[PDB]
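In the form deposited in one PDB entry, a lone chain appears below as structure tokens.
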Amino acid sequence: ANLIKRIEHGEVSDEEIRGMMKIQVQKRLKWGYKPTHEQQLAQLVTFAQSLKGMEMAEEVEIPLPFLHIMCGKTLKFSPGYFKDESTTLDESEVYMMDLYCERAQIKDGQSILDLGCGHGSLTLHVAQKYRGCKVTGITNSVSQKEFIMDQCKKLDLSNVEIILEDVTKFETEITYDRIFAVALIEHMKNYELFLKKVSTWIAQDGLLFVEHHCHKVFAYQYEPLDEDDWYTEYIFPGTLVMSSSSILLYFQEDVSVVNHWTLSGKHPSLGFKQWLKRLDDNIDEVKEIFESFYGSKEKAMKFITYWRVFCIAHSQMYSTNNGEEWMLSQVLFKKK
């Protein structure tokens, strides 16, 4: 309730937001797990059917210099692969993206489509590693597209096209040898309408690669458990879907699964720790950026606080049980 403003204040230590989050982790686990497999399964199946009763996505801008501080060279807004705790944020971005390339079976000369390309992390990585490829990225953000185009000029890249559109409404009669959808489906609800649409963009014998945060076992809409659930109200003021690792297996009407992998929650957990450290290491430069963009020192402090809590809360949540609760799922599809 009034709990947050005390922290916008700076009144509980990290250690105690960490402790609040563990309480919410456990209450979500208690809610989600069932005494028998018959129930566990019935609840996932029932949950998938209800997703087919929704819209594809809710019908609903971070300053670039702040992202240059928090994210890493590549402006990758999504997890890295950490071989160690000694892996740097920026090695982790590159590692995870080569992992994508290997699992999606990217080859030089393929046409490639990057749905929700953001600041072009993967779009620029693919385009530089395979100059024979023609890479098309889709974003609904003019700021992101002009930034990416600015990098293409800089690095001297001529194999990159950026279409400005809502993926939800994008229509084309061009098909692509490979399609990427990394951390997009977190923004979707009717997985069935989304995969149906994307499937018509897949070329003959093409592949769609999808990566999504998930719980290992159960799925759910972000809506408070208790009266005491601050974290959903605060982190997510516009409801969205935390998927489960296996839930896209139930959405194979227009695409078929070729391969399926998961990665431990330690990877996003580590990533979020690096985001928090870089934030706090440059905290003064961050306050200046936020004052300029948001117009006041108070509203700036509100956003710095939001981001620290986001990183703190989610680093803890994904570390749960050595990363074996919330985690990453990767799915390779072909058409039809």
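Take the two forms, superpose them, and find the largest set of C-alpha atoms that agree within 1.5 Å; that set is the rigid core. Don't overthink the numbering: it's just position in the shown sequence, from 1.
_Is it the case that, in at least a third of the other entries compared (those modelling both flanking residues), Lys73 has no coordinates?_
Across the compared entries, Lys73 is left out in at least a third.
_At least a third of the other entries leave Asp90 unmodelled_ = Per the records, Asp90 is modelled in all the other entries.
_Unmodelled deposited residues between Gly132 and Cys133, binned_ = Nothing is missing between them.
*Stretch exceeding the other in mean C-alpha B-factor - 203-211, 218-226*: According to the PDB entry, the answer is 218-226.
_Highest mean C-alpha temperature factor of the two stretches 4-12 and 325-333, which is it?_
Taking the mean B-factor of the alpha carbons in each, 4-12 is higher.
_Highest-ranked of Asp84, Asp114, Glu192, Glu102 once sorted by CA temperature factor in the record_ = In the PDB entry, the greatest C-alpha B-factor among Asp84, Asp114, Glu192, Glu102 is found at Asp84.
*Hey, out of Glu173, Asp177, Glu253, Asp108, whose CA B-factor is highest in the deposited coordinates?*
When the deposited C-alpha B-factors of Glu173, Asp177, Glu253, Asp108 are compared, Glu173 is largest.
*Going by the entry, which third of its chain does the Cα temperature factor of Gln49 land in?*
Lowest third of the chain for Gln49's C-alpha B-factor.
*Pull the Cα B-factor of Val142 out of the PDB entry and bin it into the chain's lowest, middle or highest third.*
Ranked within chain, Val142 CA B lands in the highest tercile.
_Ranked C-alpha temperature factor of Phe236 among modelled chain residues, by third_ = Highest third.
*With respect to C-alpha B-factor, does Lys154 fall in the lowest, middle or highest third of the chain as deposited?*
CA B-factor rank for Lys154: highest third.
*Compare the C-alpha B factor of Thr262 with those of the other modelled residues in its chain, then answer lowest, middle or highest third.*
Bottom third by C-alpha B-factor.
Below, we turn to the form deposited in another entry, even though it does not appear here.
*asked:* Taking the rigid core as the reference frame, tell me whether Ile23 has a CA displacement of 2 angstroms or more between this form and the one not shown.
replied: No, because once the rigid core is superposed, the C-alpha of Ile23 moves less than 2 Å between this form and the one not shown.
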